[PDB]
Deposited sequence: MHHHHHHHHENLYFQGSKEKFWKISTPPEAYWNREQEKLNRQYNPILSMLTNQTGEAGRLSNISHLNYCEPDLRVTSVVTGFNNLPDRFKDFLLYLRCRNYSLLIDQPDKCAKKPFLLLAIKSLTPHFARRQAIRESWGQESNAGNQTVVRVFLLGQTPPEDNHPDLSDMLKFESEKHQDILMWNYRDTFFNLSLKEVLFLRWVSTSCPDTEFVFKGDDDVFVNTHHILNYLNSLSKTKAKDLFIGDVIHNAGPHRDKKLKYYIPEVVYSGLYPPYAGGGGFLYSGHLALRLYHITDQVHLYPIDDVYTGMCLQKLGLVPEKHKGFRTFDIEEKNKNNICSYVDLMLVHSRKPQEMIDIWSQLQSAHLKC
């Protein structure tokens, strides 16, 4: 093709599919891929995030700096994996106190990790390392890898997390992967999972799924992707703050990640991997990624049959969760 990502992905396809038959690694090449500055038309005028994405696309072998290797010592029913950034201490603590608390009702173990990269001083971030170490020692729920935690590296955050599931939590029944600014009704999710047949549970992947979306071409927008980077439509994908899937599918997704080049939008990348497995993510009405009706925001009964709501502040998560604990008496 003409777009850089599509062209390189087609090269990967030929490498993994003999039926298409008629030098540097794409997985552990971690020097700058200087060839991109000549083959990508207008490279020098792209925003810095695109330059860095294209230069280091072929590197994904990053190591854990903070690990919790025994997080799944007891086999989880539901692993909560929450994407976060170093300075988001209040968001993480609110989640710990509310919908993300670990629990074991009915022997269905719920365990929690936060997913971080580095916020390094050479990028002008304040040094919060001692505070992060303090939080990690106390709460034992931080996983942190040695890559730059940026918007366009979130598909790295996804691949490295899936790698961690395969190495350190391969027996979890289900995975919820979400953002640290959503409210999640964990009780409703557990009730939903216990209503699933084994057949439906095996390849479960639900969220707020969008079909036939394409890249935004408006250069001002957060999710802007230039025509020189990607052409065509996006596969169906769950986006908007969280999605829910089986541990069995987590392992299959991890295996397939080597065959898909990283993409600047993490939720599109996950949709690409699901597509390569031959699966279609399923839309579920309980994922409210653009909130609920203004007058309903005040009523706790509005939250009882929801799976998640985007977005809520730390104080709102705790207030909602607390009211929810007695919602069966009022709704």
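Coordinate coverage of the deposited sequence breaks at 1 to 27, 50 to 61, these segments carrying no C-alpha atoms.
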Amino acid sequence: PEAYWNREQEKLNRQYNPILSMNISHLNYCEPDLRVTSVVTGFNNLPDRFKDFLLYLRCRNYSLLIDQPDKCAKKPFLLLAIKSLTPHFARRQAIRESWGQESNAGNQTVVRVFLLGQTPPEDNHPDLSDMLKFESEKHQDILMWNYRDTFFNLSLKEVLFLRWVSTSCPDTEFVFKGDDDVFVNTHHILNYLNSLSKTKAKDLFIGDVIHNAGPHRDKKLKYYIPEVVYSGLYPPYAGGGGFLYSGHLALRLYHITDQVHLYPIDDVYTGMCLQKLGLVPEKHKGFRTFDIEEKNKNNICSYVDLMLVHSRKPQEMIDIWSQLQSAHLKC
From here on, numbers count along this sequence of modelled residues.
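Only the largest set of C-alpha atoms that superpose within 1.5 Å between the two forms is called the rigid core.
Taking the root mean square of CA deviations in 9 other deposited structures of this protein after fitting on the rigid core, 238 to 246 and 113 to 121 differ, and the farther of the two is 238 to 246. Comparing 284 to 292 with 30 to 38 by root mean square Cα distance to the shown form in 9 other deposited structures of this protein, with the rigid core used for the fit, gives 284 to 292 as the more displaced stretch. Compared with the other entries of this protein, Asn23 is frequently left unbuilt, missing from a third or more of those that build its neighbours. Checked against the record, the higher mean CA B factor of 217 to 225 and 140 to 148 lies with 217 to 225. For the pair 278 to 286 and 31 to 39, the mean B factor over Cα atoms is greater in 31 to 39. The PDB entry assigns its highest CA temperature factor, among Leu156, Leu132, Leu162, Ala105, to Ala105. The residue among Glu122, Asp179, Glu173, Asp258 whose C-alpha carries the highest B-factor in the deposited model is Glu122. In this PDB entry, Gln9 carries a Cα temperature factor that places it within the middle third of its chain's modelled residues. In the deposited entry, the Cα temperature factor of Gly271 sits in the bottom third of values across the chain's modelled residues. Annotation for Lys74: CA B-factor lies in the highest third of the chain's modelled residues. Compared with the other modelled residues of the chain, the Cα B-factor recorded for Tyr234 ranks in the highest third. Annotation for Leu262: C-alpha temperature factor in the lowest third relative to the rest of the modelled chain, per the entry.
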